[PDB]
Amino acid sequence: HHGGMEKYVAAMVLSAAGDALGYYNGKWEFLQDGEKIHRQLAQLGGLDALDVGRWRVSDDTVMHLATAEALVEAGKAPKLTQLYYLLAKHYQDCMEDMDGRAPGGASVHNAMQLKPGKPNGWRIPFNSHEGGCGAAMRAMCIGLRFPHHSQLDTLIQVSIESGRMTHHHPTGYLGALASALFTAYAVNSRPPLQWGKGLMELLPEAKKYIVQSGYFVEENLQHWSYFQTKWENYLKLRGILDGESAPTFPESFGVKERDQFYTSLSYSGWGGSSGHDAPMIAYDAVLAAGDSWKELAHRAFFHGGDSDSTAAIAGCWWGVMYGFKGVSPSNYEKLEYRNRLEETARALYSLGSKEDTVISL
């Protein structure tokens, strides 16, 4: 109602529901173990009993809305110069809404360094500690804005530059690429088993952009292999490297096995905390879950890692594909910023549903 638009609304609202559920007002951090989280989940009456009335969204939704609101304000056929001004401004400004929302170090530090308005004032230098998932968690709606094939170059550039406004490390900003790219694939009903291959094919194009852009190319290139290698390895493991083949999951892949797997994906032991593994876990959830919100939630919202970020990503992708089908109303009806999220979604659809261009840098 319209069917196109319904998917956009769900992408935005269920991304935020995911964040809130995966955050639980920071309480999951005192457990930091999927089995312990799943048992506390049971004692709250399970997923369908959860009322998000008092479950605040975290930094993930706040920053996702900032992306979305910037895209919307940029309008039809924007100067990429204006879009980057607006993304910087929205990111910097949204830092005022992080009370009790546990934002990340790179997100905060860098958003506060930006100089929106000044030519190139939204660029920061390369940094070794900037491979967190703070760019990936907020980039999905770039794929809603720019879903058409003709726009791939835009999606690549915008996802990367939105990302490296806070995360100028390929592990960071390629997270944003994957987040946006897969949202675009979901918009276009591209079956999820093809998404990984798609990303592996676009990484050389992302590299060509980073190279022509001319910023810290030496450093960017030298760290480039970590992301790529982790994704190759993961798609190999799941048997979807060829992108024609349905995924293979282990016989034994319950809550406990998922935690250990998420830890093996991680940079330094914390599943989904980085730009490579946050979208990877969301992707793994989406591939297992099909049309089940409960399944997606048990895999992407409730685990011992950065479940808020994995949930934000997975909930967006999943909502694009499946709308609100099978979702308990208590899980989103009183979700913080629901009206705001619906309104931005509608506005993103207006733009996204029209195959326009950008005025280049």
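One-based numbering along the sequence shown.
Two stretches are in play, 37-45 and 54-62, and the higher mean C-alpha B-factor belongs to 37-45. Two stretches are in play, 245-253 and 269-277, and the higher mean C-alpha B-factor belongs to 245-253. Within the listed group 86, 72, 80, 184, the record reports its top CA B-factor for 80.
Of the candidates 101, 90, 236, 168, the one whose C-alpha carries the top B factor in the deposited record is 236. When all modelled residues of the chain are sorted by CA temperature factor, residue 331 is found within the middle third. Residue 284: CA B factor lies in the middle third for its chain, per the PDB record. Annotation for residue 348: CA B-factor lies in the middle third of the chain's modelled residues. Ranked within its chain, residue 300 lands in the lowest third, by CA B factor from the PDB record.
Ranked within its chain, residue 175 lands in the lowest third, by CA B factor from the PDB record.
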